[PDB]
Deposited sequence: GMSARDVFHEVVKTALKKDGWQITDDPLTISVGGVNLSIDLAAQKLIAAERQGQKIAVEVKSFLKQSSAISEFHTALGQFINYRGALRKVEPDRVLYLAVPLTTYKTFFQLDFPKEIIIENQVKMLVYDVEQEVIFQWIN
């Protein structure tokens, strides 16, 4: 987990993003919810890092990742509404699991913004807004 977290931080910095908080902690509405907070030229983001390791089903990993995304997005609206949340996904996962019809559709239905990163090279491949 720490490794993939560091890969995404590296990929962000290579594109000129400034890491401002890690973890970004969010407390709201009676609940305390490691997200990466970053910014570039005043544009603020939060990144939910996932590795989608073969150790568990991609679908089980997706359930938790999706729920986290919706909760974090909902919380951020009411705490830091200018900070946009992205789900960070490895390119390999993006090209396989996320090209299957169902996950692709759920992501779109739920406006799940994504940061697709190449793990080996530690770079940002694509932002999906």
Deposited-sequence ranges lacking C-alpha coordinates, in sequence order
1-4, 38-44
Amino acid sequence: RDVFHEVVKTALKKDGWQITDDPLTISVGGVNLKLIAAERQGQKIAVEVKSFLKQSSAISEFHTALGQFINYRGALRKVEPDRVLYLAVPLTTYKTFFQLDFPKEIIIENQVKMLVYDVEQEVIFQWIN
From here on, numbers count along this sequence of modelled residues.
Which wins on mean Cα temperature factor, 20-28 or 101-109?
20-28
Identify the stretch, either 49-57 or 88-96, whose C-alpha atoms have the larger mean B-factor according to the entry.
49-57
Could you tell me which one of 70, 76, 38, 33 shows the highest CA temperature factor in the PDB record?
33
Here the Cα B-factor of residue 128, set against its chain, lands in the third termed middle
Sorting the chain's modelled residues by C-alpha B-factor, tell me whether residue 3 ends up in the lowest, middle or highest third.
highest
